[PDB]
Amino acid sequence: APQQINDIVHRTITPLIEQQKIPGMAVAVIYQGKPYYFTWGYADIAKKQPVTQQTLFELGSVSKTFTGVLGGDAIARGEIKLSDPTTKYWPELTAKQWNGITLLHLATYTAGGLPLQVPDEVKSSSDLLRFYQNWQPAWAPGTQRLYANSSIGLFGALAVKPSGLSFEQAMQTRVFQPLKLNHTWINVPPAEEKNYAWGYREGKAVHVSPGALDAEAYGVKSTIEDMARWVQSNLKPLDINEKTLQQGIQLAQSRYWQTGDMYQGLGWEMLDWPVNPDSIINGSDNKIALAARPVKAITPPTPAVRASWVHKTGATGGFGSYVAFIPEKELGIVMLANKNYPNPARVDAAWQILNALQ
Ligand SMILES: O=C(O)c1ccc(CCCNS(=O)(=O)c2ccsc2C(=O)O)cc1
């Protein structure tokens with residue numbers, strides 16, 4: 001814990017906790033590709049369990065980075081292509097709005113206005129089919145970006161189909177396990193319950209509720225230690241010994257689409273570094289992050305650019321997190337908190353810390 005890391009992290013996170021009234025938080029800074037951890041406050045207020053380096057947090061949409069990388073890995077394995085029609089892997093989707101909608105579109109929220117959430121009315125596999133069959137695009141495919149669980153959710157489920165494994169099984173065996181993320185979970189097991197923080201929403205203890213495509217779109221829980229390892233694995237995919245995985249991490253950080261200052265990868269979003277912090281800070285606020293935006297195609301996709309700020313925010317009703325790293329600088333940060341507080345606040349903190357270490 002170099003005193004300068006200590007200094008920036010404390011001067012930055014202390015007023016962040018106080019002003020946002022965050023009950024518990026873990027922060028990892030990756031500096032020169034080595035992790036340094038910081039924990040505050042409570043995993044469980046009622047039971048006075050402190051946040052530790054073992055506490056599980058719900059990642060929310062940061063789960064989409066795992067999804068984009070398990071997708072990338074299926075690509076590298078030869079099992080899927082992003083140029084393939086959604087219908088190759090779901091022939092029952094016969095409604096003709098599906099014509100022209102490829103897995104790149106599902107992955108990058110460019111299919112033509114798939115909604116943000118799957119309706120809670122959808123619980124069975126037949127219900128989900130019905131949902132996608134009935135859906136009417138607002139736009140032609142690859143013209144507009146609209147952030148959507150129902151979009152990258154479906155990417156995740158179709159992408160694992162030719163493996164013959166369930167999504168969770170594919171995730172575990174091709175991603176969590178080779179990267180040694182042994183306390184990262186889609187479903188948290190009884191033995192691990194004791195590490196599972198409560199989320200806090202209006203002062204009530206909550207956990208994520210089950211939902212269609214939850215695992216694929218918002219369903220990973222993880223510790224600050226594995227999340228640091230996750231950052232390290234995406235900072236330096238070339239130290240990854242597993243070829244399809246190292247290659248899927250590259251593919252998740254290719255640039256497929258640009259809107260304004262940002263580039264859409266698989267799960268990840270990227271901006272050229274040096275970035276203007278106003279750009280990433282303001283861009284992180286939801287009604288601009290969740291807004292319908294026109295995209296320009298990157299034809300062909302730019303391979304992972306090292307001088308990028310690569311990041312993803314994610315929330316559940318009781319959790320807020322953020323991951324950001326700069327490959328060229330070997331620098332990254334993870335921020336896990338068991339309160340959902342505004343995204344700008346998160347990115348603002350992350351940028352002040354990484355800027356000063358930059
Ligand atoms: O605490 C609970 O009971 C609960 C919380 C969130 C959910 C849904 C997760 C919301 N996160 S998301 O991926 O769907 C999303 C959507 C718009 S922004 C965003 C995010 O994670 O930042 C379900 C149950």
Side-chain angles (χ1 to χ4, degrees), residues 20 22-24 43-45 56-68 70-71 106-109 113-120 122 128 131 145-157 167 171 185-188 193 196-201 203 205-222 227 230 262 264-269 280-287 289-293 311-324 334-350:
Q20 298 299 333
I22 293 172
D44 184 334
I45 302 198
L56 295 165
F57 290 80
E58 294 169 359
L59 297 185
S61 290
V62 177
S63 309
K64 292 167 174 65
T65 68
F66 286 96
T67 298
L70 172 74
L106 293 189
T108 53
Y109 322 117
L114 277 162
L116 183 52
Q117 302 301 349
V118 179
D120 286 347
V122 177
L128 195 73
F131 163 73
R145 178 188 187 279
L146 174 57
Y147 188 74
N149 288 338
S150 76
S151 176
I152 188 153
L154 182 66
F155 176 64
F167 178 88
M171 194 57 83
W185 320 94
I186 312 273
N187 299 292
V188 165
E193 271 181 28
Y196 190 4
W198 296 84
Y200 288 94
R201 188 196 198 242
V206 293
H207 276 154
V208 68
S209 286
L213 303 173
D214 47 0
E216 296 80 356
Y218 59 79
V220 177
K221 308 84 195 170
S222 182
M227 290 310 286
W230 184 231
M262 76 101 105
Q264 190 54 63
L266 307 172
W268 298 109
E269 301 161 12
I280 50 161
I281 298 166
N282 304 339
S284 76
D285 182 332
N286 270 161
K287 269 87 142 66
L290 312 187
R293 290 295 166 267
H311 72 168
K312 187 64 187 88
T313 62
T316 58
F319 297 77
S321 33
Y322 185 61
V323 178
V334 183
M335 297 159 67
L336 304 182
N338 61 346
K339 190 184 178 166
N340 181 13
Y341 64 102
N343 295 327
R346 300 185 214 168
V347 182
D348 200 356

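Indexing begins at 1, ligand by ligand and atom by atom, following the structure's order. Sequential numbering from 1 along the given sequence is applied to the chain's residues. All values below come from the heavy atoms of this structure, side chains included, with hydrogens, waters and symmetry mates left out.
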Considering only protein heavy atoms, which is closest to [atom], and at what distance to one decimal place?
{"atom": "atom 4 (C) of ligand 1", "value": "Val208 CA, 3.5 Å"}
{"atom": "atom 6 (C) of ligand 1", "value": "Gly317 N, 3.2 Å"}
{"atom": "atom 14 (O) of ligand 1", "value": "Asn149 ND2, 2.6 Å"}
{"atom": "atom 24 (C) of ligand 1", "value": "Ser209 N, 3.0 Å"}
{"atom": "atom 8 (C) of ligand 1", "value": "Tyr218 CE1, 4.1 Å"}

Find out whether [X] and [Y] are in side-chain contact, i.e. whether some heavy atom of one side chain is under 4.5 Å from a heavy atom of the other.
{"X": "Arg201", "Y": "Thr316", "value": "no"}
{"X": "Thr108", "Y": "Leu266", "value": "yes"}
{"X": "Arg145", "Y": "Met262", "value": "yes"}

With heavy atoms of [X] as the reference, note each atom of ligand 1 found under 4.0 Å away.
{"X": "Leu116", "result": "16 (C), 17 (C)"}
{"X": "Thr316", "result": "5 (C), 6 (C)"}
{"X": "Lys64", "result": "13 (O)"}
{"X": "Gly314", "result": "20 (C), 21 (O), 22 (O)"}

**Request:** Compare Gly320, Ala315, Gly60, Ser284 and give the one whose heavy atom is closest to atom 11 (N) of ligand 1.
**Result:**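 Considering heavy atoms of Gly320, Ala315, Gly60, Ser284, the nearest to atom 11 (N) of ligand 1 sits in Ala315.
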
**Message:** Would you call the rings of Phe319 and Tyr196 parallel, tilted or perpendicular, taking 30° and 60° as the class edges?
**Reply:**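 The arrangement is parallel - the two ring planes meet at less than 30°.
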
**Prompt:** Is the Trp198 ring parallel, tilted or perpendicular to the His207 ring (thresholds 30°, 60°)?
**Reply:**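 Ring orientation, 0 to 90° scale: parallel.
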
**Asked** Does a donor on one side chain sit under 3.5 Å from an acceptor on the other, for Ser61 and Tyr147?
**Response**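 Present: a donor and an acceptor within the cut-off.
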
**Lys221 and its side-chain contact (heavy atoms from CB on, under 4.5 Å) partner, picked from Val208, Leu59, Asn187** =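 With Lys221 as partner, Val208, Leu59, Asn187 yield a single side-chain contact (heavy atoms from CB on, under 4.5 Å), made by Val208.
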
**Asked** CG of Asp44 to CG of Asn338: how many Å apart, nearest 0.5 Å?
**Response**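 If we round to the nearest 0.5 Å, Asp44:CG and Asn338:CG are 9.0 Å apart.
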
**Asked** Side chain, backbone, both or neither: which part of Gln117 comes within less than 4.0 Å of ligand 1 when only heavy atoms are counted?
**Response**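 Side chain only.
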
**Message:** For the 3.5 Å polar cut-off, considering only N or O atoms, please tell me whether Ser61 and ligand 1 meet it.
**Reply:**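 It does: an N or O of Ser61 is found under 3.5 Å from an N or O of ligand 1.
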
**Asked** Do any N/O atoms on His207 end up under 3.5 angstrom from N/O atoms on ligand 1?
**Response**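 Right, the criterion is met.
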
**Request:** Could you give me the CA-CA distance, side-chain angles and deciding distance for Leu213 and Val122, then say whether side chain to side chain contact (heavy atoms under 4.5 Å, CB included) is met?
**Result:** CA-CA 10 Å; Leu213 303 173; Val122 177; over 6 Å; no

